[PDB]
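Quick notes on the structure that follows.
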Ligand SMILES: CN[C@@H](C)C(=O)N[C@H](C(=O)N1CC[C@H]2CC[C@H](NC(=O)C(c3ccccc3)c3ccccc3)[C@H]21)C(C)(C)C
Ligand SMILES: [Zn+2]
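Residue numbers (PDB author numbering): 78 to 167.
Encoded structure:
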């Protein structure tokens, strides 16, 4: 199961980005869709399922790409995007 079942809802994850500092650079909509919620500190986010944390986001970063790059074993990622997607990023 998920590390943090309470953030399994995409809408709850999106709400967590109310004070996100990088709206134009890395959209909250895409971060939330990709399993991430905002910790509230700087640009630190975490996936609700694998609990993997990512920070130091660069403008134009693709949240799903970064998810697969750093946490390829995440089952939410696999369920959502499929194995071919994960394999191609590697
Ligand atoms: C350029 N795109 C971004 C999304 C990126 O690749 N970020 C990397 C990243 O954040 N990573 C890579 C994979 C993870 C391991 C190293 C880094 N982890 C953290 O920064 C976490 C952390 C560890 C120790 C002290 C403070 C923070 C972290 C924890 C919770 C939330 C966010 C990050 C995570 C970085 C900083 C190494 C370029
Ligand atoms: Zn994950």
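Where is the CB? At the ideal position from N, CA and C, for every residue including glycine.
Sheet register partners of residue i (DSSP bridge)
i: residue 122; result: 115 and 131
Cβ-based neighbour list, residue i, same chain, cut-off 8 Å, excluding 5 preceding and 5 following
i: residue 155; result: 163
i: residue 153; result: 79, 112, 124, 125, 126 and 127
Contact under 8 Å by Cβ, residue i with residue j
i: residue 99; j: residue 134; result: yes
i: residue 101; j: residue 87; result: no
Inter-residue Cα distance where the pair is residue i and residue j
i: residue 142; j: residue 96; result: 23 Å
i: residue 161; j: residue 117; result: 33 Å
i: residue 159; j: residue 120; result: 27 Å
i: residue 89; j: residue 167; result: 30 Å
i: residue 93; j: residue 84; result: 10 Å
Own chain residues within Cβ distance below 7 Å of residue i, not counting five before or after
i: residue 107; result: 140
What are the uninterrupted segments assigned as beta strand (DSSP E) that are 3 or more residues long and contained completely in the segment 133-158, given in chain order?
List check, beta strand (DSSP E) in window: nothing returned.
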